[PDB]
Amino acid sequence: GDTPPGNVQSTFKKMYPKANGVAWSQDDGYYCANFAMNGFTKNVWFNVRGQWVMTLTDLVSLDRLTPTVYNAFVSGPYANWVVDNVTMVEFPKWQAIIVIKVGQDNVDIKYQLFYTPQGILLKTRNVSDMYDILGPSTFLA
């Protein structure tokens, strides 16, 4: 991967002092650190001032959700869909978002479901033919 700017690396090392195997890239002017920490894959993003802008943690499955978000999922329209991924998205200022990616056995349709921590389904997006679906363009623009 890329070599991050020193100021970005400095902040990252304070957040995640024990991280290893970190793969760095950039998109839309933000820098992303990809790595595993205590059993979970993380993508941690920074701006050019070395300030943390978001962290995305791959929770993988519905068992990792709070009851509140779980209960909302199982009572909503996608309750019986196949869950491909579950991502927790955290920010310095904005409220966290839980992104559940769902599909159906035997068809290629995929949606991202954007839930609040209180279990409100804010919006969904078809991501069947989309790439780069958890970057700055999704959350920071």
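Just count from 1 along the sequence shown to find any residue number.
Engineer: With respect to the recorded C-alpha B factors, which stretch has the higher mean value, 80 to 88 or 101 to 109?
Structural biologist: Taking the mean C-alpha B-factor of 80 to 88 and of 101 to 109, the larger value falls to 101 to 109.
Engineer: Between 91 to 99 and 71 to 79, name whichever shows the higher mean Cα B factor according to the PDB entry.
Structural biologist: Higher of the two, by average CA B-factor, is 71 to 79.
Engineer: So where's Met130 on the chain's Cα temperature factor ranking, which third?
Structural biologist: Answer is highest: the recorded C-alpha B-factor places it there.
Engineer: Where does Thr11 sit by CA temperature factor within its chain: lowest, middle or highest third?
Structural biologist: Lowest third.
Engineer: Based on the entry's values, in what third of the chain does the Cα temperature factor of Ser25 lie: lowest, middle or highest?
Structural biologist: It falls in the middle third of the chain.
Engineer: Pull the Cα B-factor of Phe35 out of the PDB entry and bin it into the chain's lowest, middle or highest third.
Structural biologist: For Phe35, the deposited C-alpha B-factor lands in the middle third.
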